[PDB]
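The figures here come from the full heavy-atom set of this structure, side chains too, leaving out hydrogens, waters and symmetry mates. Numbered from 1 within each chain, the chains take letters A, B, ... in sequence-line order. Start at 1 and go down the list; that is how both ligands and their atoms are numbered.
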Amino acid sequence: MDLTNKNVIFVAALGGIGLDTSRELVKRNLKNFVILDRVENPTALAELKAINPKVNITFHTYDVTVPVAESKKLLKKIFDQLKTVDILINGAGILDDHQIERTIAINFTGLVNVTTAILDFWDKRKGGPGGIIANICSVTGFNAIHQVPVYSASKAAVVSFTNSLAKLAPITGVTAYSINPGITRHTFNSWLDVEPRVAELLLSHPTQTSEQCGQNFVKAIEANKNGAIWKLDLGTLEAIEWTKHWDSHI
Amino acid sequence: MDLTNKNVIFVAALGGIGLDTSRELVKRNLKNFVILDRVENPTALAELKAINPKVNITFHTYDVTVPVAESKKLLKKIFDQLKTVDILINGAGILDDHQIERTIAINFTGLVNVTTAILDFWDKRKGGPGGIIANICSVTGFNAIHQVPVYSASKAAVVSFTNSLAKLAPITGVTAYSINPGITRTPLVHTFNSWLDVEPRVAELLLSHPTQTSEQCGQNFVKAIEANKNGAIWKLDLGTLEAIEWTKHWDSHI
Ligand SMILES: NC(=O)c1ccc[n+]([C@@H]2O[C@H](COP(=O)([O-])OP(=O)(O)OC[C@H]3O[C@@H](n4cnc5c(N)ncnc54)[C@H](O)[C@@H]3O)[C@@H](O)[C@H]2O)c1
């Protein structure tokens, strides 16, 4: 994957790990960088545009928890303008096990919904060009932080969903892979307050900076491997192998 | 685990797997067996009672998609009556990838919510007695039926959640294990929808391969309950009961 002159939609582009990935992406001479986030950060947005003014950066206020139909309405406006979109990056997410419904709505349901929305524009069965989906999941989708069981479970779901998307690529023309960051250089809520110090404890352990998580993120996008399950931990980029415990035979 | 004299709540006890599990459960001399299901089934209820009149069987009309406060209200009613509950079984699920929100609400969120509610009565930090939770997940939580990605993902979520619950037992006093059937002959798999109709023949193709009976599944389910192994990930496929080992890809070190 050569990112030059490509059109990219990035959901939650101006947050923590999103912003540093975004900074590197706009340095790659994209034609369009389309940002969809819940709230505007005008300082960050201006800063992004200044990195390379030639890149068309557009911002849409977007809540990932809206129904599929609402996401399709926004996407139609984007496709009407750009004509083509090459990659969708899903980076929405919250970490707060005091918010059970919302954790699920944002991290899991929202990810499924926006994917379903864009498939209506990309599905090759209906004359669509196909496309690429990069889902920001989490290493907690492989093995949980058991003190944030709801967060971890939501990430396990999207690791699964991404895996299946990739296996459906021959039918849909839409490839996908997951980007799974380890702990990246603040305090949050554990489920039923089983551990009030999760953030303090995790951030003391060996971590990585948001800078070369973002650099490894772009490397992963460039590698463009359907069905990859990328681990981005301790400043390295590694593809993990999913264990086969069971087979549907279909 | 001796089931004699125990109090059991079973969410979704009257479906294909549920009813056959229930038939086996009441073979043991349970004290109270409390059924929560979405639709009343007076014939099945009568049948179970007849199996073992020593077991006290009650029924509540219950939808897992209600807010947690509502589930808490029902549990309080039950705990006030029985004083103690020994085991909770969370068995609700739908298979319909035309229903994204509902699949996730029933299969994942609803399971998390009943668990969260019952912890209020059981949590040893509150001076509760602890307890045991058996969660019906799915082999699809290990490896998807990719033509139903949403269902499979919802099951992956609950496998994860159950693993974590079990790891929290030393703190909460509440142990847990997953029950993961393979393809089992019930109405669930008779006819169903794939995501965006990627595979309109999915039910046909799946059932062209070997399956097990709900009877076999229910027998092995109760066997796993009696084994009572915290953190177990039980596979119930082709008539066998087998514990699987979850691969370690990453460790939080906490
Ligand atoms: N049949 C299989 O091959 C298979 C394989 C693996 C896992 N499972 C799982 O086993 C469980 C039982 O499935 P089944 O095969 O007996 O299917 P079923 O359709 O016969 O029964 C589903 C059960 O879930 C209940 N339910 C559905 N929605 C509910 C709601 N909103 N609130 C409360 N209860 C609700 C139903 O009333 C019923 O008791 C499900 O969780 C399913 O995902 C089934």
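- Residue-ligand proximity, B:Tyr151 to ligand 1, at heavy-atom distances under 4.0 Å covers atoms 7 (C), 8 (N), 42 (C), 43 (O).
- For A:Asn226, there are no side-chain hydrogen bond (donor to acceptor under 3.5 Å, both in side chains) partners, not counting sequence neighbours.
- Judged by the 6.0 Å and 45° rule, B:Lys72 forms a cation-pi pair with B:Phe121.
- Against a heavy-atom cut-off of under 4.0 Å, B:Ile183 is close to the following atoms of ligand 1: 3 (O).
- Looking from atom 10 (O) of ligand 1 to the surrounding protein, the closest heavy atom is B:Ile136 CG2, 3.5 Å.
- Side-chain atoms of B:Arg185 and B:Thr211 include a donor-acceptor pair closer than 3.5 Å.
- In summary, the atoms of ligand 1 found under 4.0 Å from a heavy atom of B:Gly93, numbered by their order in the structure, are 22 (C), 24 (O), 27 (C), 40 (C), 41 (O).
- Heavy-atom separations between B:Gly182 and ligand 1 include at least one value shorter than 4.0 Å.
- Aromatic ring centroids of A:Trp191 and A:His98 lie 6.0 Å or more apart.
- For ligand 1, the atoms sitting less than 4.0 Å from at least one non-hydrogen atom of B:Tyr62 are 32 (N), 33 (C), numbered in the order shown with element in parentheses.
- Within ligand 1, the atoms closer than 4.0 Å to a non-hydrogen atom of B:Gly91 are 11 (C), 12 (C), 40 (C), 41 (O), numbered from 1 in the order shown.
- Taking the six-membered ring where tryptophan is involved, the planes of B:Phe108 and A:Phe108 are tilted, since the angle between them lies from 30° to 60°.
- The closest approach between a heavy atom of B:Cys137 and any atom of ligand 1 is below 4.0 Å.
- Not one N or O on the side chain of A:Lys155 forms a donor-acceptor pair closer than 3.5 Å with the backbone of A:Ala153.
- Under a 4.0 angstrom heavy-atom cut-off, B:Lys155 registers as being in contact with ligand 1.
- Numbered from 1 in the order shown, with element, the atoms of ligand 1 that lie under 4.0 Å from a heavy atom of B:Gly15 read 16 (O), 20 (O), 21 (O), 38 (C), 39 (O).
- Residue B:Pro181 approaches ligand 1 through these ligand atoms, each under 4.0 Å from one of its heavy atoms: 5 (C), 6 (C), 7 (C).
- Residue B:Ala92 has at least one N or O atom closer than 3.5 Å to an N or O atom of ligand 1.
- Ring geometry for B:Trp122 against B:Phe79 counts as perpendicular: the plane angle is over 60°, on a 0 to 90° scale with 30° as the lower cut.
- Of the N or O atoms in B:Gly16, one or more lie within a sub-3.5 Å distance of an N or O in ligand 1.
- For atom 3 (O) of ligand 1, the closest heavy atom belonging to the protein is B:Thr184 N, 2.8 Å.
- For the residue pair A:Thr162 and A:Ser178, no side-chain donor N or O sits within less than 3.5 Å of a side-chain acceptor on the partner.
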Check your understanding: Yes or no on salt bridge (charged side-chain N to carboxylate O under 4.0 Å, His left out) for B:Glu226 and B:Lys223, after CA distance, side-chain angles and deciding distance?
Key -> CA-CA 5 Å; B:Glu226 290 171 331; B:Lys223 191 180 167 199; over 6 Å; no
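- Close contacts between ligand 1 and B:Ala12 involve ligand atoms 23 (C), 24 (O), 25 (C), 39 (O) [criterion: under 4.0 Å to a heavy atom].
- Judged by distance alone, the side chain of B:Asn193 and the main-chain N or O of B:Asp97 form no donor-acceptor pair under 3.5 Å.
- Residue, atom and distance of the protein heavy atom nearest to atom 32 (N) of ligand 1 are B:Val64 N, 3.0 Å.
- Few gaps surround NZ on A:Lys124; more than 12 heavy atoms of other groups in view lie less than 6.0 Å from it.
- Given atom 16 (O) of ligand 1, the protein heavy atom at minimum distance is B:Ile17 N, 2.8 Å.
- Shown here for B:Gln147 and B:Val198, the closest heavy-atom pair between the two residues is O-CG2, 3.8 Å.
- The heavy atom nearest to atom 30 (C) of ligand 1, out of those in B:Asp63, B:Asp237, B:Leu95, B:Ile179, is found in B:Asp63.
- When the heavy-atom distances from atom 28 (N) of ligand 1 to B:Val11, B:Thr65, B:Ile106, B:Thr186 are ranked, the shortest goes to B:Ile106.
- Protein heavy atom in closest approach to atom 17 (O) of ligand 1: B:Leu188 CB, 3.4 Å.
- Closest of all the heavy-atom pairs between B:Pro200 and B:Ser194 is N-OG, 4.1 Å.
- Closest to atom 36 (C) of ligand 1 among all protein heavy atoms lies B:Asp37 OD1, 3.5 Å.
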